[PDB]
Amino acid sequence: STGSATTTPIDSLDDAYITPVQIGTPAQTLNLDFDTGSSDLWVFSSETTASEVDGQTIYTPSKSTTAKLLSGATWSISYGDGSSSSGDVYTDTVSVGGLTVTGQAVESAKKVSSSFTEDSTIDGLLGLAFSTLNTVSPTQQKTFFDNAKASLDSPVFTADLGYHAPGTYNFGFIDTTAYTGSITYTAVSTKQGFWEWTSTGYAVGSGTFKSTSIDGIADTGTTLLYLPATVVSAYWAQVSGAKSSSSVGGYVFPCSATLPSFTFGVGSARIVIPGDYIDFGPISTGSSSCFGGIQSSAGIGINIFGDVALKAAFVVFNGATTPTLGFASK
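Under mature numbering (1 follows the signal peptide of the UniProt record, and there is no 0), the sequence shown has 344 at position 275, and the numbering climbs by one with no breaks.
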């Protein structure tokens, strides 16, 4: 089997991407944030505290003939941005882009933090990291990808995120028309439960490439590119007037600037992030100070190749017995 679904930016900045997902019988379609940095499929639901729901589409298990309470199971998750959610668990039929999993754990939110409430466009998350991170207790549950894997033509999914445009998540096949050149594959460590890999270096604009190992995670659920303070300082030093602002919470730059590109290494290959991808616009409405798309990972504890990086590439998440990551230009 295979699946193919379009993923669409939630706003004009590409702050996140939503992908329609069919849950239950008859289908209830929710728009979920596919997140390769976590491993819980959770939804706004009929059980979510009413005051914490503001415009989201909810899953109502009582209206699904295939829903079953997973008795005794609870979940609770906290994300790197400080947001959180928790609740109980149902199993139900879940389909993405024509690919169907029966008996998928659908984690129903009883509580969500304010950031989720305030984002009316995201009806929940669909985790695509390794199932070892799943938070369901006392019986840990499998991700949608893990459940689908044996049925897939090939044990892979791909992320093809657009810049200010829709893109595609494919399951079970590599679309050879979706990228240019060849795909370069690189080793993955699953020790922390992430799609963790080591970039071979970077360049700023037309500058020379610096060969250096940068361990990080491929995370579709993180908006920006978070790299070591040395790397980030070298980037922003090439932008007149750019500075790190403690008040704002990172690097800002004059909105009048033209940003240089940023290149990252994948083995001997190179992925170029155009300068425009690094512009996240005014810090507040009408401001002439703009927020940077490359930020320091210092104090996160991990480097994160988020959407800013991933959307410059066609990315293969290879879930074979020895997982790997592939990157191609597009």
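Positions of the beta carbon are idealized from the N, C-alpha and C atoms, including for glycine.
So, are the CB atoms of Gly274 and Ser398 less than 9 Å apart?
Not in contact: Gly274 and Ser398 (Cβ atoms no closer than 9 Å).
Nearest-angstrom Cα separation, counted from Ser316 out to residue 42
What is shown of the chain runs 70 to 399, which leaves residue 42 out entirely.
First and last residue of the alpha helix (DSSP H) that includes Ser302?
If you look at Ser302, you'll find it in the alpha helix (DSSP H) that goes 298 to 305.
Would you mind sorting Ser280 into buried or exposed? The rule is 16 or more other CB atoms within 10 Å of its CB.
Exposed.
Have a look at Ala119 and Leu195 and give me their C-alpha separation to the nearest angstrom.
The straight-line gap separating the alpha-carbon atoms of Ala119 and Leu195 is approximately 22 Å.
Once DSSP output is grouped into helix, strand and coil, what is the label at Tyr248?
Secondary structure of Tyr248 (DSSP, three-state): coil.
For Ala381 versus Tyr232, is the C-beta spacing smaller than 9 Å?
Going by C-beta atoms, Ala381 is nearer than 9 Å to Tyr232.
Through-space distance from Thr134 to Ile371, alpha-carbon basis:
Cα-Cα distance, rounded: 42 Å.
Tell me whether the region 216 to 223 and the region 70 to 77 touch, counting them as touching only if at least three CB pairs, one residue from each stretch, are closer than 8 Å.
In short, these stretches touch, since the Cβ pair count reaches three.
DSSP bridge partner residues for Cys359 (one or two, in chain order)
Paired residue(s): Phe322, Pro351.
Cβ atoms of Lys180 and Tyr159: under 9 Å apart, would you say?
Contact annotation: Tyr159 and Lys180 have beta-carbon atoms that are not nearer than 9 Å.
Whether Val335 touches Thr253 by CB criterion (9 Å)
In contact: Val335 and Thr253 (Cβ atoms closer than 9 Å).
With DSSP as the reference, label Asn203 as helix, strand or coil.
Looking at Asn203 - three-state DSSP - the assignment turns out to be coil, as it is neither helix nor strand.
At 4 residues or longer, and completely inside the region 208 to 275: list those alpha helix (DSSP H) runs for me, N to C.
Assignment of alpha helix (DSSP H) within the region 208 to 275, counting only whole runs of 4 or more residues, yields 213 to 217 in chain order.
Going along the chain, which residues of its own chain have a beta-carbon closer than 7 Å to the beta-carbon of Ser330, five neighbours each way excluded?
In its chain, beyond the 5 residues on either side, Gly274, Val341, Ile342, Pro343, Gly344 have a beta carbon closer than 7 Å to the beta carbon of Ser330.
Between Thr94 and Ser114, is the Cβ-Cβ spacing less than 9 Å?
Against a cut-off of 9 Å, the Cβ pair of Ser114 and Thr94 comes out as no contact.
Using the Cβ count rule (16 or more neighbours within 10 Å means buried), how would you classify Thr327?
Flag for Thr327 reads exposed.
Return helix, strand or coil for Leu379, following the three-state DSSP convention.
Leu379: helix per DSSP, three-state reduction.
Do the region 346 to 361 and the region 264 to 273 touch if we need at least three Cβ pairs shorter than 8 Å?
Output reads no: the region 264 to 273 does not touch the region 346 to 361.
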